[PDB]
Each structure stands twice: as structure tokens, then as C-alpha cells.
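J.: Which chain is which? The protein sequence lines are K, J, D and A, in order. So the first sequence is numbered by the authors' numbering: it starts at 3 and just counts up by one. So the second sequence is numbered by the authors' numbering: it starts at 3 and just counts up by one. So the third sequence is numbered by the authors' numbering: it starts at 1 and just counts up by one. So the fourth sequence is numbered by the authors' numbering: it starts at 53 and just counts up by one. I have a structure here, written as C-alpha cells, and I will follow up with some questions on it.
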Amino acid sequence: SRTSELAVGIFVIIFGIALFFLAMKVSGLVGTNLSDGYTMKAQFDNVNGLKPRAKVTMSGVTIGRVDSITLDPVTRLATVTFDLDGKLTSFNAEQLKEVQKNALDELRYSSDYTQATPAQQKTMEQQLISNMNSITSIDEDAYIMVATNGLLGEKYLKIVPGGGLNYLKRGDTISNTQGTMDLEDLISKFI
Amino acid sequence: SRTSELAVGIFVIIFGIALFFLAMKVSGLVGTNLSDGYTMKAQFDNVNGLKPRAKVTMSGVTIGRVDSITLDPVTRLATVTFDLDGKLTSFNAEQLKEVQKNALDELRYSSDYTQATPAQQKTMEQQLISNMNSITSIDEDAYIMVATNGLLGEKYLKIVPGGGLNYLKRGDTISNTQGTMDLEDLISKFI
Amino acid sequence: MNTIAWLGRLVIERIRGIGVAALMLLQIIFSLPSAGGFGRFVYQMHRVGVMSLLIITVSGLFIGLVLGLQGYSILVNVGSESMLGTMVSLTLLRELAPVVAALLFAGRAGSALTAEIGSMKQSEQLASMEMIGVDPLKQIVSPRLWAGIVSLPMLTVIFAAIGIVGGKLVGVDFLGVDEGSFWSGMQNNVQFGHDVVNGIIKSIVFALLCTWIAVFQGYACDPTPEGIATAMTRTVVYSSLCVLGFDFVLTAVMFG
Amino acid sequence: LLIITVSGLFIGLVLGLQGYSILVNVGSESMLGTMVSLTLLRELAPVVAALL
């Protein structure tokens, strides 16, 4: 029986570790509790006060977290590396129906009509090989930047959705960036 | 004997006081009650920390909450649903003539009726059927915005009124907006 | 290598000791109650609950006088003490009143149950009760366990209500802050279902551990007049470690 | 020595987790290291370590 007691005791503590590593994940405090995440990165010139686990916002809505900040010695440009949730920035199988009649509607416009070929089957062929696979909501004339969240809150990456032509692939690097504006420069201009 | 039946009955009384004191003298339960509310909605270009169950003001008075702030990823703009009230914000049983006697006053004015399509009873009968139900105090030229009180407090929504000849009916999208400003906005606009 | 051998023998007996106390809990709560079981639960609510009412109400006042006096000395430098009524009622409702009122319940009414069931074991009242046929778990132990799970969440509310009222006394009426901005700072920042209900669920998990330990130590004693008193310090130590241990786990879930 | 060192850790994990949840709304958490070491040094460590 004593063995029984023992067992029914090793099963409590093992269950007591199964709870501590459940409540540490759902707290956000360890691991990544955001679904199907895909990773993009950018190149700044100056990113002050930006640790990992920062906010990435599209219009003020938290979509992602930052993971690593490295610095290239030769070119002197910093490097951010963030992960974005994909449940609400991607066009999934339903949401293709909203973009296929919109992203290919800019392709068959009056600008592209008498420009390449008025016999071309490429203008519809470019979209569905890019609409179905590796799509984002982010346009190819958007720039990203660092903002402040209350002139007192910690820094957070901010996307500025500007215009729209085309998307990125899952894993692409945003070209256009905008650096911060630190404290000791604002007091130069203000005076 | 009867003491142990009584000195527990006192213990439930002193618990009964100190539970009622917490709910309706400390916690906000008695102050939050949507008096026969409904729901309208809007679309924003920046919601930088508009936390749910915030407050909505018309002139500096609480007439609404916040329920959901999600993206609209076909335009990448926000989407907020706020539940106002049906006694502070609409015209009640006696008050229904006060908006038909104002529709006849400034809207059905003869110098105003002789500025549009020619009729005698087209708009004159519409103001008796459209204006009777599904109508709030908000004139439709009143654009909602995000604001904050002080320089440390949370974000709250402000409806600035003015003008207006038709009223927003029910579940309608408030026309214009403006986003919230912080350090990434202001010093890039102070120049 | 005897000290390492004695140390490994110590924590193996303490592991087995958990497994006996787990099987003792499944025998109490998985049983429909015997006839007369409510008449003893009302009496055991008198011993555990009502006798503990004096220490909690007095000590709850003394923390409120400290929280109002320390929160004013910090919030006067930043000059914003319309948040005094918030941080007093936010320190108590989610953090101190679940925790401190379980550190005083383990002492006063926690260890008293281990003396009560413990002295019944050395003087053979438990062994005599069984030969009549009455099962001592259902008769003696089970009205004491259910009077512990009920009487502590009724006592953290009296701890939290007296602590805020005491903090209102030294903040508003002695140091001189505004009374209206004291109360109106509370209803903005302190919700009910996120703060007052989550301060009650935190004390039900605490009331289970300070009672299931304090009953098991007095049931599995060794019958000896100086073996009882060594199991009354085993139940104050083990309760204060499981209160502070399940504090961090419940705080990370509720406020993470 | 064993009860105090273990239970002293569990309060520190709570004070760091509660002080961050409040000081992130006002956005000033360079005072996190102050309020943790000010709650312990003058108030909690004299009191809780006498209750244990």
C-alpha cells in the first residue's frame, strides 16, 4: 500500500508542474501565445528604447511582438526582427474573395491598359500566383516607424498604411522605414 | 446552544454589510447601467489605446461605453462599437413633437424649401415619418474623435456637435473623425 | 554520505505524505452527507469563523492605517493624490486581503484545528468512535473541513472592507485630502468582476489549502503529547508556503 | 533559514508582477526598481518576516 501512497503523491506534484507551465503560458509570460505567426524585419537608422516584446500596431491595434535587435558594424544601420500574428493581417481563404476583385482591379485599370500589351494574359497571371500564396495586408508604399504611446509610454513599432499597390511575401523585409525622434532633438527645435 | 445558532447569524450579517459596501460604495457597479441602450459604430484612422469599456462624452457627460476595437483589413482602419443610451440621447414620448416642430422651424423653412427640388409635400410628409422613431440627439454633422482628460488619464471618445438638419438614425457610421495625438504626431506637426 | 542519505529519506516520506493527504480528501468530498450533518456544520462555523472575527477586524484596521500613511508620503511628491483612494483599494482588493488574511487564518484557526483533531488522536477518542461503528472522517473531520472553506472567503471581505474604511480615516480625516475625490477615484478604476470577484476566487483556493493541510496534520499525528505540538508548527509553515506559492500563480493568470 | 529564503522569493515575484501591471498604464516604469525596493525595505520585509 505504501507504494500506492507514494504513487498517488508523485502524481500530485507532476500535476502541480503541469499547472505551473500552463498558467505561465496563458499569462503571456513565456512562449508565444499568438497563432500562426510569420516573421518580417526592417532596417532603421536609429531605434532608441526598443526592447523585445514591444507592440507592433497597424492603427493602434496590437498585431505583433519584437524579438531581436542587432546592429551591423559596417553599414552602421540597426536591425529589428519582429514576429506578426497572422490571424488578422493575412488574407485567408475566405478573405481572398475581397482582395482578388480589388487587387486585380487595380491591375486592369486605365493606366496599365495601353502600357504593356492589350492582349496580355499576364496581368491576371501575376495576381493569383501572388494572391493565393504568401500574402499580407501590408501595401508596397507603406513605411514603418517608432512612436511613443502617450509621450510617456514605452516605444512601440508603428505601421503607417499608405496607399496601396501590392503586398509582401511572408518573410519579406520592409524597405521604407522612419527612425525615431528622441528627446534631445525636440528641445532644439522648440526652444 | 442557542448561542451557536445566533453567533453565526451575526457573522453572516457583518459579511452582508461588508459585501454590499464593496459593490455599491467602492466598486463601480451602481454607476454602470445602460438605460435601454442601442448600438452605433464608427471607423477610425488611429486608436492608440482606446481601452474597452471606456466612456463616450457629448459635452463632458457620460453617455456611452466601448465594446469592440478591431481592424477593418480591407481598408486597415479601426472599427469601434459604442452603446449610448435611450433616455439621455434620444427624444422620448412627449419629445417627439419637439423635433417635428424643429423640422418645421429651421429645416422646412420656405427659404430653405425653395433651395432644392420643387414639391409641396414630399419633404413635408417625410419629416413626419422619418423623424418619429429611430432618431437620436446627435445631429449628423457631429464627428466623433478620441481624446484624453488631463495628461495621464485613459483615452475616451468625444462627440463634437454642431449644425445638422438630419439626425443619425440607428446603427449608423458617424461621418468624419480625427485620430489621437501623441509625441510621434505632435512634434512632427509642431513645425 | 549519511547526511545525503538522511536528506533523501526525508523528502521521500514527505512525498508519500502528500499522497495520503490526497486520498483523504477524495474520501471526504465524494460522499452524500449523513443524517445530522448540517447541525454540526453550523456549530463548527462558530469555532472556526466567529472566534476568528476579532483578530481579523482589528488587524485589518492596522494595515489600512499603514497603507493610507505610506501611500500619502509617496504620492505627495508627484503631487497626484486623487489616486490615493485607488491605490489603497487596489492594494487590498487584489493583493493584500487575500494573502495577509490567510496568514492570520493559518495561525489562529488553522493550527487550532490541528490541536483539536490531534488531541482526539492521542486520547483514543478517534479509535473509540470507530468501534461503535461511526466513521470518524465523516463524523469529526468533515464538518471541520467544510467550515474552513466557507469561513475564510467571508473573512477576507471583512478584512478588505475594514481596511479601506481605516485607510479613509487617516487619508481624508487626518492628513486632509478631498473626500469626494477619494471616493470618485475608486469607482473609475476599480471594477467589480475583475477586482472584487478575483479577490474572492483567490481566497477560495487559499481556504482549501489552509484547511486540508491543517486537518491532515491533526489526523495523521503520532500520538504523543510532544508529537502533537510538533505537528502544529508543521501546519503553520506548510500553510504559509502554499499561500505565497499559489499567490504568484494566481496573480500571473488573473493580472497578466 | 529555509522558509524565509523561499517565501521571500515568492513575494518578490509578486511585487514585480503587480508593480509592472500598474506602472505600464502611466508609462513610467523606470520607477519599477524604486517601488519594489521601497515596498520591501521599509514595509513588507519588517512585517511579513515577523509573521513567519
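All C-beta atoms in this analysis are idealised placements derived from N, C-alpha and C, irrespective of residue type, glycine included.
Alpha carbons only, please: which of J/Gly51, J/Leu24, J/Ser136 and J/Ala149 is nearest the one belonging to J/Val162?
T.: Of J/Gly51, J/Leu24, J/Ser136 and J/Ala149, the smallest CA-CA separation from J/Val162 is found for J/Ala149.
J.: Taking K/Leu90 as the reference, which of K/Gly165, K/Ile19, K/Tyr145 and K/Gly39 has the closest Cα?
T.: K/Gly39
J.: Note down, in chain order, all residues in the segment 228-240 of chain D with a beta-carbon under 9 Å from any beta-carbon belonging to chain A.
T.: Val236, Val237 and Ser240: these are the residues of the segment 228-240 of chain D whose beta carbon lies less than 9 Å from some beta carbon of chain A, given in chain order.
J.: Just to confirm the assignment, what range does the beta strand (DSSP E) spanning J/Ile71 have?
T.: First-last of the beta strand (DSSP E) with J/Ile71: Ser70 to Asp74.
J.: Is there a Cβ from chain K that is less than 9 Å from the Cβ of D/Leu23?
T.: yes
J.: Identify the continuous beta strand (DSSP E) that holds J/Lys160 and give its terminal residues.
T.: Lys157 to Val162
J.: At a cut of 8 Å, does the segment 38-54 of chain D reach the segment 138-155 of chain D through at least three beta carbon pairs?
T.: yes
J.: Looking only at its own chain, which residues have a Cβ that is under 8 Å from the Cβ of J/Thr64, when we skip the five neighbours before and after it?
T.: Listed in chain order, the non-local C-beta contacts of J/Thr64 below 8 Å within the same chain comprise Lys57 and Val58, local neighbours out to five positions each way being set aside.
J.: Roughly how many whole angstroms lie between the Cα atoms of D/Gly36 and D/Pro143?
T.: 11 Å
J.: List, in chain order, every chain K residue whose beta-carbon is nearer than 9 Å to that of A/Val78.
T.: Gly152, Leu154 and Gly155
J.: Shorter than 9 Å from the beta carbon of K/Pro120 to some beta carbon of chain J?
T.: no
J.: Under three-state DSSP, which class holds K/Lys43?
T.: strand
J.: Show which residues of chain A have a CB atom less than 7 Å away from the CB atom of D/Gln70.
T.: Residues of chain A whose Cβ lies closer than 7 Å to the Cβ of D/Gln70 are, in chain order, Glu95.
J.: Can you tell me where the beta strand (DSSP E) holding J/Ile140 begins and where it ends?
T.: Counting along the chain, J/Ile140 falls outside any beta strand (DSSP E), and DSSP gives it neither H nor E.
J.: Would you check if there are 3 or more beta carbon pairs closer than 8 Å linking the segment 98-106 of chain K to the segment 80-88 of chain J?
T.: no
J.: Under 9 Å between C-beta atoms, does D/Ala112 make it to chain J?
T.: no
J.: Specify whether the segment 163-177 of chain J and the segment 9-19 of chain D touch according to this definition: at least 3 beta carbon pairs, one from each stretch, less than 8 Å apart.
T.: no
J.: Can you determine whether any heavy atom of the ligand ADP sits closer than 8 Å to the C-beta of D/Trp6, and answer yes or no?
T.: Among the components of this structure there are no ligands whatsoever, and the ligand ADP is therefore not found.
J.: For D/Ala97 and D/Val215, what's the separation of their Cα atoms in angstroms?
T.: 23 Å
J.: Quick one: is D/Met1 buried, meaning 16 or more other Cβ sit within 10 Å of its Cβ, or exposed?
T.: exposed
J.: Using the Cα positions of A/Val78 and D/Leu209, report the straight-line distance between them to the nearest angstrom.
T.: Distance between the alpha carbons of A/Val78 and D/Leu209: 36 Å.
J.: Going along the chain, which unbroken runs of the alpha helix (DSSP H) with 4 or more residues stay wholly within the segment 135-191 of chain D?
T.: 142-151, 153-172 and 179-189
J.: Any contact of the segment 225-232 of chain D with the segment 108-124 of chain D, i.e. 3+ C-beta pairs under 8 Å?
T.: yes
J.: Can you name, in chain order, every residue of its own chain whose Cβ lies under 6 Å from the Cβ of K/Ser37, other than the five neighbours on each side?
T.: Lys89
J.: Does the Cβ-Cβ distance between A/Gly64 and A/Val99 come in under 9 Å?
T.: Not a contact, by the Cβ cut-off of 9 Å.
J.: Mind listing the chain A neighbours of D/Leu103? Cutoff is C-beta to C-beta under 9 Å, in chain order.
T.: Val100, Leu103 and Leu104
J.: What is the DSSP secondary structure of D/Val249, counted as helix, strand or coil?
T.: Helix.
J.: Nearest to K/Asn151 by alpha carbon, out of K/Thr41, K/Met134, K/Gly11 and K/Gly51?
T.: K/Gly51
J.: What does the Cβ neighbour count give for K/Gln129, buried or exposed, with the cut at 16 atoms within 10 Å?
T.: buried
J.: Let me know the secondary structure DSSP gives A/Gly68 once reduced to three states.
T.: helix
J.: Determine, using beta carbons only, whether J/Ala25 and D/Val165 come nearer to each other than 9 Å.
T.: no
J.: Just checking: is the beta-carbon of J/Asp187 within a distance shorter than 9 Å of some beta-carbon in chain K?
T.: At least one chain K Cβ lies under 9 Å of J/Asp187.
J.: Using a Cβ cut-off of 9 Å (strictly closer), state whether K/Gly30 contacts chain D.
T.: yes
J.: So what's J/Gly173 in DSSP terms, helix, strand or just coil?
T.: Correct three-state label for J/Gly173: coil.
J.: For the candidate residues D/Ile201, D/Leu90, D/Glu179 and D/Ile204, whose alpha-carbon lies nearest to that of D/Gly163?
T.: D/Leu90
J.: Considering only the alpha carbon of each residue, which of J/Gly66, J/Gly166, J/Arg78 and J/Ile131 lies closest to K/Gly62?
T.: J/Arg78
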